[PDB]
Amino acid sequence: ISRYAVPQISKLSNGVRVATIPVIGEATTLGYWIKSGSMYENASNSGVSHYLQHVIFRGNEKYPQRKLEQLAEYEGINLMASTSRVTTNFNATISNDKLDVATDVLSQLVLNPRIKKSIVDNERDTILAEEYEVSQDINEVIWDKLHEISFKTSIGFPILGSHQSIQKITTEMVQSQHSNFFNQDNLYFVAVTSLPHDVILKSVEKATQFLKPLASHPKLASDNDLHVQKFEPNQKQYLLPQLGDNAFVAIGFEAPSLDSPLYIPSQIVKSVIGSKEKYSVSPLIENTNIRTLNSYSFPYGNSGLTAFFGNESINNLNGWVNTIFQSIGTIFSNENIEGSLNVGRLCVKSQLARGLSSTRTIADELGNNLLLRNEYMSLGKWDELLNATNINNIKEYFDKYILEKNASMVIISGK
């Protein structure tokens, strides 16, 4: 657990910023958080951000693939990476003693790769495999289809890329993306730890002694305004007979940008509809027997998407949609707005205070916060804003974003 804390940031003279937030315990999650992802790609390079992520973890100069495997098994250094539409990270969660080895492996691979035509080509099949796997989670499929028809712009690309695109990725492209996106000025070193801010700063200094400062700062290729998104609501239906007597359905609306006064309101609204689990469904859902429901709302640069999805039998499909539309409606009703605000607010508090005793979770928010925000936002000061959120705020969100808007919709059916 943390304590409504605030991070300490020092910049090394080579321009790497070390950001640490104080934690309790013998746990430490640490790594590189990079503003690189599919939002920043075009038709010609789609998937390169994810592709590069993979290559990075396939060894460089000082730590090739074999030396990495030994470190996994024998040395207790286990390396995780992920590429979203908006960010990339490479991290390890460790025992406080492995600090020096870990900062070195992580800096070496992220900031000092050796991107060969051989590593690139070998890796291709391992990525196409990931693509086919993920194509069999229809939740992932529908999530992607919804983005694709909502956004003619880059947010509609799948993170991995189209099959076509995963095919045509050159070494020059992978190289280029590292050159333009993996520099000191487009990233943070993040540690969630009990060790003082200086033990991490000294250790990173050691790990990145090979890295020379940046000469100049050409406008960052990750800058939101180079990748303006346009939401346009669309409807599109697909077949997948293999599914049988099942259909999957997604409903989407444009969402506020991260910095919008209506961001929180939107998060409260999404949350009050929320998810259906075994024992738990929203009070706004009239038909509690609906098979499954998921709700997400994510910011993407100037834009964002709020999405509601589930599967049902062909027979119950149309019903599911009316259920969801009804539930959304009910929130705006004067008889229910106040209760919808409180329950939604509780949810958001619940969600966050649930990832405060995992240091992987703390690091991921700290990374994203620093990479994505005008300036940093703390749990406690977030909680103030959540509690200050009123009935008028919810209404104002409903006005710009829900009331009289066409929805994006995707159906994937067995008929």
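Just count from 1 along the sequence shown to find any residue number.
Comparing 295 to 303 with 333 to 341, the stretch with the higher mean C-alpha B-factor in the PDB entry is 333 to 341. The stretch 19 to 27 shows the higher mean C-alpha B-factor when 19 to 27 is compared against 395 to 403 in the entry. The residue among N224, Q242, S150, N78 whose C-alpha atom has the highest B-factor in the PDB entry is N78. Residue-level inspection of the entry shows that, of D185, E254, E205, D137, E205 has the top Cα B-factor. When the modelled residues of the chain are ordered by C-alpha B-factor, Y40 sits in the lowest third.
When the CA B factors of the chain's modelled residues are split into thirds, the value for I285 lands in the middle one. Compared with the other modelled residues of the chain, the Cα B-factor recorded for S216 ranks in the lowest third. The PDB entry assigns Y279 a C-alpha temperature factor belonging to the middle third of its chain's modelled residues.
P196: CA B factor in the highest third of modelled residues in this chain (values from the PDB entry).
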